[PDB]
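Participant: What follows is a structure written as structure tokens; I'll ask about it next.
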Amino acid sequence: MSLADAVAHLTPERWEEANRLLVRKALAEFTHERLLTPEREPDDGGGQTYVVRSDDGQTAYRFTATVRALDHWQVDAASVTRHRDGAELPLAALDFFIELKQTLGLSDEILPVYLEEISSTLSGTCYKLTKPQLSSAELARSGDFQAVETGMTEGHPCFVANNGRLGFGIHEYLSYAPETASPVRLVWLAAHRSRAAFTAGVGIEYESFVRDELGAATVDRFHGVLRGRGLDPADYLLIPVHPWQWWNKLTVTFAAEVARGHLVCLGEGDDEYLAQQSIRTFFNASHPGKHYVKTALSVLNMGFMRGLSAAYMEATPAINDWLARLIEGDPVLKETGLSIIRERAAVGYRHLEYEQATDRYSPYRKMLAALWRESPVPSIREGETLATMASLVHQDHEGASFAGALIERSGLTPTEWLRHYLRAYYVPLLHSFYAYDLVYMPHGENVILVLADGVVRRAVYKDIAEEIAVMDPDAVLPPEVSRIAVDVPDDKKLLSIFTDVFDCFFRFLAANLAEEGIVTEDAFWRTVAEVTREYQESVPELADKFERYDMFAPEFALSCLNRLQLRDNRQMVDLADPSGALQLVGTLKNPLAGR
Amino acid sequence: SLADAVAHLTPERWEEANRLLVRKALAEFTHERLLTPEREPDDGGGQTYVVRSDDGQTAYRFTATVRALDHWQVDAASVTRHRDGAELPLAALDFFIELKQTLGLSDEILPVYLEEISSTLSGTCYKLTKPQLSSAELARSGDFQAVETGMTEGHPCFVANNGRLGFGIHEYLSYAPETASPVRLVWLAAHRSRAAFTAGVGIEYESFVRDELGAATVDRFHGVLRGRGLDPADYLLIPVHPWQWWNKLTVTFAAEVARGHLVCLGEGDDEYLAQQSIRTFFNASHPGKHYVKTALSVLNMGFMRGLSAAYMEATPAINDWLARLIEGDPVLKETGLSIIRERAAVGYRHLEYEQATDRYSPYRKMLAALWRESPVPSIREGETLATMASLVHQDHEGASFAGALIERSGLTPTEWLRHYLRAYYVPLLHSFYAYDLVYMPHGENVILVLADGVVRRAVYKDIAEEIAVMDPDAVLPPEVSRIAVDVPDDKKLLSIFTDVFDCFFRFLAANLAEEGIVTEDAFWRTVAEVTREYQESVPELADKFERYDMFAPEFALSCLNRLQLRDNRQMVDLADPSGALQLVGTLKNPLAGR
Ligand SMILES: Nc1ncnc2c1ncn2[C@@H]1O[C@H](COP(=O)(O)O)[C@@H](O)[C@H]1O
Ligand SMILES: Nc1ncnc2c1ncn2[C@@H]1O[C@H](COP(=O)(O)O)[C@@H](O)[C@H]1O
Ligand SMILES: [Mg+2]
Ligand SMILES: [Mg+2]
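So the protein lines, in turn, are chains B and P. This note's numbering puts the last residue of the first sequence at 595; the count rises by one with no breaks. This note's numbering puts the last residue of the second sequence at 1189; the count rises by one with no breaks.
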């Protein structure tokens, strides 16, 4: 049955494995965020047994872990056991959360919805366990950008409830989840110019842009659909839409717009897209050189509804143009090879009645918008391949690091390999901060690596307009881009590197490379220190600022990521409050300290 | 197919949908005293009124006839909208934004309520594309399900009444009653450690499910379980709304599917039609077989339409108790009253979600089903069935369906009304006065048995979850004592005044008067005669008749729309219905001085 087929990945054996992996990560990351304080229990062999108890005291979780730099808890999956009233019990993620509800600060309101997000994340793991199990070495050897993108399993390495996609029924999961590599056809709407606005970056004009993307034949067909209803194509702008968004939302929530002819259904476009790790961003699988399309998707994932703001679209291209120009202008960013793939164009729809009915923060203002982003594909030479930076912290079904496999392929020492990666990825971030007070959101999903023979040649940053900030409230910026100017205490500025790079990315990378015996934490962090010191030696003009915002400070604040989602799982940061949802809980030892 | 699904959404149908809904909004919100129209005298022969927005800048203008029970027959074709001196299109979303403060819609509720408005309008657009049958063709047809799927209005008080929120447009087309789309149920095997089946008198499980599905189907179901390593003895069968399977059970209850607490058995062979309640299915393949009522986590008219696993245990016993009571009472026998029983019920208890929520949680209403016997086997040659909701049906010409039953009968409007009141309304007087027992007897909970256009007898449904005994000291069989309630004495007769008079007869007497069929005076005269004739026939309750006075000058105006507007997600709250009631002054009882 297509009934039975749709749940064939939900079996006791895979459910067990899924629960073991998720509970392993719960113990590790909730210990990192100091929600749990595991108690040391009597010397087993040497490298350490621990116990975590329920709110109750009645249910015990025992495991082994190696504790690594940045208060990182490498909890052994195979070691986790559960005990109550003298007896062992099966590992069960739902029971974990009910049992540690108060320990974890889960409100009565959030718990039941959080458990849906857990339930959904576990299903996805079960789905991923049914797929062909490719080693880290096979995936590296493939050189296949979309094989890597869709082969990723973890998601965000910190958030536990990270792959919820709540709003997807099972059939929609199987059609739309990145890990399915299901081909998707975008739904195209005509949107009346009384309510839709198209914004073009330098070098973009609308009529040639849409003809390049859809082909002149499809544009002609769409013009015919409007003439057919007695409508003038000049009156309308083209908006591509996530099929989920069209069938579940715009046809109901925006029925008035469809009925009135403010919105007209044109059809599917021909090209087959693959959802990326972000879910609502599509890569063009038929024409890899064409643009990604970022769609409005009113689905809950990882602390936010994944809509797209019609208001932010107006400035989105200008912000990208400014960033690209700043990068071509800077000698250090040139040495580095840094580029972005620009958000090149954007369209937004202003639902006039919903604006009248909602504050400017409502998800109802984020139901209909899209932007186009350049493919990195046309920029690579022969011999080059592309990969999500997320791949560096990927471990295959045998625990083998994809970073490890790139090191193997490269023929370089681990530390030589790391120098090339850090020069490409990390040095731009240090220089953007010190020279321009510029920060990004540089996790695994927002960076693409260009690889030659297993070596990182250069990094490509994406997700620009909605993520970048300038940490100077009086920054002189072109009018259209000054909304990126933020006021942030001095106190918290360098947390952009310590939190987003060190605690939420390097911590996982150094640990996977240590556990697999490829390179010691000592040599990992020496290498970061050295590249850091060499960057600073090459720009003496910024000496004063290197001392003021010290990368080698003894300590910096623990910023907790799960704590945000546990306090509020629908908007885990108020996008309307002065960066002040951060949950800082004491300090971490800086691995760079004394270098 | 993309264009096919939105083909009902056109400017002309959307315009007509908005006109109808703003007409009803002006009407019912005026009835509930949220609006106070001003009289702009055209003559002094009455006629013409204005309502302003919260800011006073936008003016709504119409004509109405005010009838008994403060019923505002707002003429749909008269409604105009004006701002800064210019005419504007009637747009329902704009109506609600403009009167947000007047209507008491919170910042939190407004945007979700507007979705329910948008969805209600969409439905109207879709009903406007169906073959426009007249009340006379529908009444002549004798087709139970042509009538059921032929209704357009929905609840005649509630404006945001047909939202079905959580249906995507594809789901609207497959699942909404007005589509008459055949549905196949999805069958799950539910492990006995979490599922419990309960049977009324005369039901045993194994013969029951073979009767419903056939021996071959049950055998195949046993085959899917043995194929998987599982013993069929360990499992019960639960039928599920495919929406609930595809969107909720396969995701929210993923742990149950994966562990084999729930096993997917496939679709059932028989075709069902969604009834007006949306999650109750009539068996179109075998009309004589059971209705299936399903758990459906969608928002409609002030509630989620899930089904409580906890209430299923007592459902059949409450049904058996009411049937036996009806069978034993001479006044209820003379009336011809019967119920269609909720005969069987299964409930799933999700133990982890129990640990995580309080007993009121919708997480506990996600997997449960009951079976309700069909009325079809009980009818004789010459008899047809119709939802009581049809009496207040008006076709595309404004012609009352009740009117068309009167014409077919050859009876005077008044003779016709006696038969209807005897079958439907007397049993409600006798239940209150003799047993302190009330139902929820709106159009969707009553089926009429029809001979030659006449109401011969009435059949009640929605039983276990609706009925009350208004007496906390009632001695009732152990299983059925949860229907015992403490209601203040001064609110008891609101069961008749609110649910029958203000929420049904108000509409029926106005439709009949406006079409010129029979006057309000003669309508309410007949009601008063049948009330008096009931009371005369049972003199031992003379003292309860003076204590609960059906002919009192006045009773409280109980506002239905005010509840949905205060809370569109659970409009009646915790375990205290007598709690959320919004009483705003009084209505002139049309039985006053009779
Ligand atoms: N490895 C990953 N790192 C970060 N985000 C990820 C990753 N894999 C998937 N995601 C998802 O991508 C989205 C990130 O959005 P943004 O933070 O704007 O880049 C969220 O929905 C994340 O759950
Ligand atoms: N004419 C009608 N009268 C009452 N309820 C109706 C009508 N048409 C549809 N319904 C729906 O039927 C359901 C009534 O549920 P209940 O009150 O428990 O029988 C609601 O979801 C109503 O919106
Ligand atoms: Mg992103
Ligand atoms: Mg009902």
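For every residue, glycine included, the Cβ atom is placed at its ideal position computed from N, Cα and C.
1) Determine the direct distance from the alpha carbon of residue 765(P) to that of residue 224(B), and round the result to whole angstroms.
2) Taking the beta carbon of residue 503(B) as the centre, do at least 16 other beta carbons fall within 10 Å, making it buried, or is it exposed?
3) Kindly examine ligand 3 and report whether one of its heavy atoms sits closer than 7 Å to the Cβ of residue 773(P).
4) Am I right that residue 604(P) and residue 720(P) are in contact with their C-beta atoms under 8 Å? What's the rounded C-beta distance?
5) On the criterion of 16 or more Cβ atoms from any shown chain inside 10 Å, does residue 939(P) qualify as buried, or is it exposed?
6) Report the residue from 414(B), 544(B), 501(B), 580(B) whose alpha carbon sits nearest the alpha carbon of residue 591(B).
7) Please list the residues of the region 158-182 of chain B that have a C-beta atom closer than 7 Å to any C-beta atom in chain P, keeping them in chain order.
8) Would you give the residue range spanned by the beta strand (DSSP E) that residue 830(P) belongs to?
9) Since residue 1163(P) meets chain B, which of its residues come closer than 9 Å, beta carbon to beta carbon?
10) Rounded to a whole number of angstroms, what is the C-alpha to C-alpha distance between residue 1117(P) and residue 998(P)?
11) Under 8 Å by Cβ, that's how I've got residue 343(B) and residue 465(B) pegged, so tell me the actual separation to the nearest angstrom.
12) From which residue to which residue does the beta strand (DSSP E) around residue 860(P) run?
13) Just to make sure I have the definition right: I need the residues of chain P whose C-beta is within less than 7 Å of the C-beta of residue 261(B). Which are they?
14) What does the shell around ligand 4 hold, if a residue joins when its beta-carbon is under 6 Å from any heavy atom?
15) State the DSSP-derived secondary structure class of residue 647(P), mapped to helix, strand or coil.
16) Whether or not the region 130-145 of chain B and the region 238-249 of chain B are in contact is what I'm after, with contact meaning three or more pairs of Cβ atoms, one per stretch, closer than 8 Å; do they touch?
17) Measure the beta-carbon distance from residue 456(B) to residue 425(B) and round it to whole angstroms, keeping in mind my assumption that it falls under 8 Å.
18) Give me, in chain order, the residues of the same chain whose beta-carbon lies closer than 6 Å to that of residue 243(B); leave out the 5 immediate sequence neighbours on both sides.
19) What does residue 95(B) touch in chain P if you count any residue whose Cβ is under 9 Å from its own?
20) Do you know offhand how far residue 986(P)'s Cα is from residue 822(P)'s?
21) Drop a sphere of 10 angstroms on the beta-carbon of residue 958(P), count the other beta-carbons inside from all chains shown, and report buried for 16 or more, exposed for fewer.
22) Determine the direct distance from the alpha carbon of residue 1025(P) to that of residue 1084(P), and round the result to whole angstroms.
23) Taking C-alpha atoms, which residue in 1152(P), 1141(P), 1077(P) lies nearest to residue 1090(P)?
24) Can you find a C-beta in chain B that's less than 8 Å from the C-beta of residue 597(P)?
25) Whole angstroms is fine: what's the gap from residue 762(P)'s alpha carbon to residue 358(B)'s?
26) If you run the structure through DSSP and keep just helix, strand and coil, what is residue 586(B)?
27) Over what stretch of residues does the beta strand (DSSP E) that includes residue 942(P) continue unbroken?
28) Please tell me whether residue 1143(P) and residue 1088(P) are closer than 8 Å, where the distance is taken between their beta carbons.
29) Could you check how far apart the C-beta atoms of residue 622(B) and residue 122(B) are, in whole angstroms? I think they sit under 8 Å.
30) Should residue 713(P) go down as buried or exposed, given a rule of 16 or more other Cβ atoms within 10 Å for buried?
31) Between residue 839(P) and residue 890(P), which are expected to be in contact by the criterion C-beta below 8 Å, what is the C-beta distance as a whole number of angstroms?
32) Compute the minimum distance between the beta carbon of residue 467(B) and the heavy atoms of ligand 1, and state whether it is under 7 Å.
33) How many whole angstroms separate the CB atoms of residue 50(B) and residue 39(B), which I take to be in contact at a CB cut-off of 8 Å?
34) With contact counted as at least three CB pairs below 8 Å, one residue from each stretch, are the region 700-714 of chain P and the region 670-683 of chain P in contact?
35) Beta carbon of residue 206(B), beta carbon of residue 197(B): below 8 Å?
36) Using 8 Å as the threshold, is the C-beta distance between residue 1121(P) and residue 1016(P) below it?
Facilitator: Per the coordinate set shown:
1) 25 Å
2) buried
3) no
4) 5 Å
5) So residue 939(P) counts as buried.
6) 501(B)
7) 169, 170, 171
8) 830-835
9) Going along chain B, no residue has its Cβ under 9 Å from residue 1163(P), so there is no contact; the nearest lies around 14 Å.
10) The C-alpha of residue 1117(P) lies about 15 Å from the C-alpha of residue 998(P).
11) 5 Å
12) 857-862
13) Residues of chain P with a Cβ closer than 7 Å to the Cβ of residue 261(B) are, in chain order, 606.
14) 872(P), 1039(P), 1040(P), 1057(P)
15) Note: residue 647(P) maps to strand in three-state DSSP.
16) no
17) 7 Å
18) Only 187 meet the Cβ criterion.
19) Those within 9 Å of residue 95(B) in chain P are 947, 950.
20) 52 Å
21) Residue 958(P) should be labelled buried.
22) 17 Å
23) 1152(P)
24) By this cut-off, residue 597(P) is an interface position.
25) Answer to the nearest angstrom: the Cα atoms are 23 Å apart.
26) Residue 586(B) falls in the strand class under three-state DSSP.
27) 937-943
28) Yes; because the gap between Cβ atoms is below 8 Å, this pair is in contact.
29) Nothing can be reported for residue 622(B): it is not among the residues displayed for chain B, which extend from 1 to 595.
30) buried
31) 5 Å
32) yes
33) 7 Å
34) no
35) no
36) yes
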